[PDB]
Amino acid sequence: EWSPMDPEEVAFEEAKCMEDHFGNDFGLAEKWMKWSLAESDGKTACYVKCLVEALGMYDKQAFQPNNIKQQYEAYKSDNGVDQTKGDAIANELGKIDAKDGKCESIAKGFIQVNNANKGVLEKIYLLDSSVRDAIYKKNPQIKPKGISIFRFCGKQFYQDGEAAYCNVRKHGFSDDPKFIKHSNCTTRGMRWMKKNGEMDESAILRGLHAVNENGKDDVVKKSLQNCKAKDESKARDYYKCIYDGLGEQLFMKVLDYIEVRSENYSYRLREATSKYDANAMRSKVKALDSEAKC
């Protein structure tokens, strides 16, 4: 089921749709980040479809006005949109064609509504820079941009420089009791574990393909299938199952790149940081060790 999303959740989902559809056209990716959605750019049609489904705007045959209303209500004290305009676009979007559910059908009505209320959707869905940043400042429990998911989780459970923490940095795993909470936080933050507590196999494979690995899909599937996990330590156990299946070297190569990208989800969509560079990763991992005082 869908529920209101915080600015980190929307930014995560937006970046995932952009990566899946931009097709190495960075100028088109730049337009999407600015929400310059124009039917006339080839790939934009199916990108909008990805975006509205991921944001809970589109479900069955047409849009869901009560989802958009729920998203507006969840952050009305911060989105800067009047109650009149809020309920307006919810109903205004829920009067769309849709019906069949094609890319060009949903994108046409979305681009049409977006241009009639420019900037309002970015505010309601917490992608507007001022709305996003104010929410982050008032909600320290949400991971903001500029800090990695592992560092954000690590600061909750470990003292900087403590031995168990530096083992996590060095080997990606720890036997100490705090690692159950930490790996639950990071596996969920990486979306390897979904909100409902179940593993997302495709999300793990995204991390492998990001570092240009290709033959290990059926290896990950077996690790998950044969894993004996108890609900008290569910994420930790699946995390260790993936660790053992891939081995430390490959597992950490995947995790290090996930960590670097988690500071700003648009990382791979800028051209200079669009390609995995194993040589550049060494100094990035070193800087993250230093940040943790390890």
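When you see a residue number, it is the position in the sequence shown, counting from 1.
Stretches compared: 93-101, 152-160. Higher mean C-alpha B-factor in the entry: 93-101. Stretches 243-251 and 31-39 differ in mean CA B factor, with 31-39 having the higher one. In the PDB entry, the Cα temperature factor peaks, among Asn167, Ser223, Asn212, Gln83, at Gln83. Residue set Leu269, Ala235, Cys46, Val260: peak C-alpha B-factor at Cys46 (per PDB entry). In the PDB entry, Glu1 places in the highest third of its chain by CA B-factor. Placement of the Cα temperature factor of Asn115 within the chain: highest third of the modelled residues, per the deposited record. Placement of the Cα temperature factor of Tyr276 within the chain: middle third of the modelled residues, per the deposited record. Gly197: CA B factor lies in the middle third for its chain, per the PDB record. Among all modelled residues in this chain, the alpha-carbon of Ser174 has a temperature factor (C-alpha) in the middle third.
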